[PDB]
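experimental coordinates for this protein are included below, preceded by the sequence.
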Amino acid sequence: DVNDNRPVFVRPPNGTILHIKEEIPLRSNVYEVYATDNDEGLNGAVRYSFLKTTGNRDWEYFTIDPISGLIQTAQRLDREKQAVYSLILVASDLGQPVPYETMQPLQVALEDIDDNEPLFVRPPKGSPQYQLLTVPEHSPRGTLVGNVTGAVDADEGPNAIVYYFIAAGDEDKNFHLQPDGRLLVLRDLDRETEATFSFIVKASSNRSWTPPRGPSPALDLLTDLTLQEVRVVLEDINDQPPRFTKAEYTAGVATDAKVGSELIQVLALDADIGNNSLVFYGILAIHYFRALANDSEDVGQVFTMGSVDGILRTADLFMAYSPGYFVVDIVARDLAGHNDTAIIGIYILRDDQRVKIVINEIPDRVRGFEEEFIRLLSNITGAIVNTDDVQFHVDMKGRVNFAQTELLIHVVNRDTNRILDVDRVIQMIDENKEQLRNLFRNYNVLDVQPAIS
Ligand SMILES: [Ca+2]
Ligand SMILES: [Ca+2]
Ligand SMILES: [Ca+2]
Ligand SMILES: [Ca+2]
Ligand SMILES: [Ca+2]
Ligand SMILES: [Ca+2]
């Protein structure tokens, strides 16, 4: 005879796609091909063989015996590496004068197995290695903080259900994490009390997963990628009131009292942050007490307080009311109702209470540093030094030096919240002489004494 027919392919059937499991042993059987060459004799016996596809190297994954046609694995088959492997089979007759060949396409597709487990994916180094959620403080029960996420099981389908659970770190049980990944608030939280919480969440496919018995291996966020740190930070609300530094403030005013003079600066604190911390001040009423009297004479608005400055300022000349003092009731309020009260005592200082500080610089320059000098001095003296005026120096003899400057001041004892006799202030200066001796010279000071008899 002569090779007259080409082989034909009984199995595998035309354009078929075999499905096997993944990660099966090497050289594990897959399929047994069969083809028929009608020709009798060797011209019609078939010999099976894959084809070294040009770009497709998939054939490297299997072996097929030349006679038996049995297809066996040759490499590992991880669906996770490649899913469909595609091959072109070839059946040749042994016939002569030339053998004939027949090519049948085939494809192998792997079925997924629970090969892997749900795993997290860390963020870039340095960058925060955790996940942040935010929720308003004093939030109510149930308020969704937010949705944990960040895991994935390489697997497909049911082999990759990913449920989240809290592994450790809510010992106080402020939240609950429904497996879906929703974090719910359970308790009152107060930024001012605790600000950030944190804990470790587990990702497992086990809807019944329960934390290990507590003394077990402590966890390692650096190795276990089934774990992620989650940090909840509390947003702020206006839940804190303004709180005055003191509840009696005392400062002195001079009869000679340039209108608009800054007497003292109060302050109030709102623990709150941002707008909620904005504090606005003001004056509730003013009482005038003439020398010794138990009638609070109630003269006009004689003072002003900056709504934001907190600096009480003169509004009249007090040369009129020489004997006596004032009680100013003040208020501080936040953007939203929280309020606090206090009391300022302004006392018209007697000469007996007022001191001068001579300085060998032009008065202009003395104003240049007045604040600094006083701040330093008050610190070192540990007492409130309040600058009252800056004028040119006058010798007791009545000489006036147009390069020497005076600095009338009055002092209060933080401790007694009470004003000071010149006497006691001189003594204080002398006591601290040594500590102070540095300041005075650094600032061209020349002497100290009261309002000229
Ligand atoms: Ca043939
Ligand atoms: Ca796998
Ligand atoms: Ca798998
Ligand atoms: Ca899995
Ligand atoms: Ca707050
Ligand atoms: Ca507030």
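Great, that's in hand. Residues are numbered from 1 along each chain as shown. Ligands and ions are numbered 1, 2, ... in the order given.

who's in contact with the residue of the stretch 151-300 of the chain found nearest ligand 3?
Residue of the stretch 151-300 of the chain nearest ligand 3, by CB to the ion: residue 155 (4.2 Å). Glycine gets a C-beta too; all of them are placed from N, C-alpha and C. The contact partners of residue 155, taken as CB atoms under 8 Å, 6 or more residues apart in numbering, are 112, 113, 114, 115, 116.

I'd like those residues as JSON lines, with secondary structure appended.
JSON lines is the format used below for those (DSSP: H, G, I helix; E, B strand; the rest coil):
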{"residue": "112", "secondary structure": "coil"}
{"residue": "113", "secondary structure": "coil"}
{"residue": "114", "secondary structure": "coil"}
{"residue": "115", "secondary structure": "coil"}
{"residue": "116", "secondary structure": "coil"}
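
paired strands for the longest strand along the chain, with orientation please.
Secondary structure of the chain per DSSP state E: the longest strand is strand 400-413. Here strand 400-413 has these sheet partners by DSSP bridges: strand 355-359 (antiparallel), strand 384-394 (antiparallel), strand 418-419 (antiparallel).

centre of the chain versus the second one, how much separation?
Its chain's C-alpha centre lies 47 Å from the corresponding centre of strand 384-394 when counted by CA atoms, centre = their mean, to the nearest Å.

which residues sit against the helix or strand harbouring residue 378?
Element membership for residue 378, per DSSP states H and E: helix 363-381. Applying CB under 8 Å, 6+ apart, the contact partners of helix 363-381 are 359, 384-387, 390-392, 405, 407, 409, 411, 428-429, 432, 435-436, 439, 443.

which one is residue 156 nearest to, not counting chain neighbours?
residue 112 (4.6 Å; CB to CB, 6 or more residues apart in numbering).

was I right to think that neighbour contacts residue 157?
Yes. Using CB atoms under 8 Å, residue 112 is in contact with residue 157, at 6.6 Å.

so which of the two has more stuff around it?
residue 112 (19 against 8; other CB atoms under 10 Å).

residue contacts, that one?
22, 79, 155, 156, 157, 159.

so which of the residues you listed is the closest to residue 329?
residue 155 (72.9 Å; CB to CB).

where does that closest one fall, phi/psi-wise?
phi -50, psi 170 (degrees, to the nearest 10).

ok, now residue 27?
Per degrees, to the nearest 10, the backbone of residue 27 is at phi 60, psi 30.

so how far is residue 52 from it?
20 Å (CB to CB, to the nearest Å).

residue 223 now?
Distance, residue 223 to residue 52, by CB to CB: 43 Å.

look at these two and report which has more neighbours.
A count of neighbours by other CB under 10 Å puts residue 52 above the other of residue 223 and residue 52, at 11 against 7.

ok, the residue lying closest to the more buried one once chain neighbours are set aside - contacts?
Spatial nearest neighbour of residue 52, chain neighbours left out: residue 59 (6.3 Å); criterion: CB to CB, 6+ apart. When contacts are counted by CB under 8 Å, 6+ apart, residue 59 touches 50, 51, 52, 53, 87, 88.

now do the SS call for residue 59.
In three-state terms, and counting by three-state DSSP, residue 59 is helix.

okay, now the closest residue to residue 394 other than its chain neighbours: neighbour count?
Computed as CB to CB, 6+ apart, the closest residue to residue 394 that is not its neighbour in sequence is residue 400, at 5.2 Å. Look at residue 400: counted by other CB under 10 Å, it has 11 neighbours.

same check on residue 258?
10.

could you do the one 5 residues further on as well?
Per other CB under 10 Å, the neighbour tally for residue 263 reads 22.

how many other residues sit next to the residue in the stretch 51-200 of the chain that ligand 1 sits nearest to?
Per CB to the ion, residue 93 is where the stretch 51-200 of the chain lies closest to ligand 1, at 3.6 Å. Using other CB under 10 Å, residue 93 has 24 other residues around it.
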